[PDB]
């Protein structure tokens, strides 16, 4: 595929595709994404880093924001603790094969002229738009705090200071991204990746016990977690095992089976896996066994690289 195609693959939306095409013409271009530091880096995070690797392979310089100050404003704990989790996150990302510039928010988000810009932005940003932009991001709170409306302005200002042409994240970031397109002189091209379902089949993959696969999980945890996952016979939509198969597995792959149960299956693609599953030619237990074993192998270089440090 060409650069545009490689970038577009497996995305949910690009705001806008015409602007992306303009950016691609440039000799130098850059892209960022932020992570509120997370004690587990799971497949949802990995999907985003895979997109950053695609951008890098399309000649973008990559900035990964370790968003320690933003995590602090979104009630993730004390800054010193969040930074220590930040350090671990950086190492995981590095273990995934990303070559990037890694920046801690607090290295610049407290500088005098950054802060002055936060306040300039605050004069332009309505409380209503700021609250609405956080509906899929703010930590639940019955008595919403001022911090909640500072957060999206800090993300916008950080996009500005990073200098990037493209900003990347999950679909839930789209309202903060629209704010950035309205508030800054240079309109950032925004690339949104799909949100991966959790193992439980109750909403997005998150740190909830048994609800995520961490990229550094042991083989026995990957098996245990996949075995327990929501995965009804025939059902592809909202089936996290099928989503894993779509976004992470390599094809062709073969699934191992005695004759009386149909015999072996050579699976040329995800689309073949889908039609086999939807037609009930392939059952949940065998699908889960395949996916776990294939995932273990896919993730092995990340585990090994981490263990070796």
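Positions refer to the first chain, counted from 1.
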Review point. So 111-119 or 135-143, which one's hotter by mean CA B-factor in the entry?
Key: 135-143
Review point. Is the mean CA B factor in the deposited entry higher across 289-297 or across 21-29?
Key: 21-29
**Study point:** Top Cα B factor in the deposited entry, candidates 256, 51, 246, 45
**Key:** 256
Revision key, fill the gap. For 181, 174, 83, 225, the deposited C-alpha B-factor is largest at 83
Exercise for review: Grab the CA temperature factor for residue 35 from the record and place it in the lowest, middle or highest third of its chain.
Suggested key: lowest
Practice item. Could you look up the Cα B-factor of residue 99 in the entry and say which third of the chain it sits in: lowest, middle or highest? Key: highest
Revision key, fill the gap. Here the Cα B-factor of residue 232, set against its chain, lands in the third termed middle
Check your understanding: What third of its chain, lowest, middle or highest, does the C-alpha temperature factor of residue 79 fall into?
Key -> highest
Study note, to complete from the structure: Binned into thirds over the chain's modelled residues, the C-alpha B-factor of residue 198 lands in the lowest
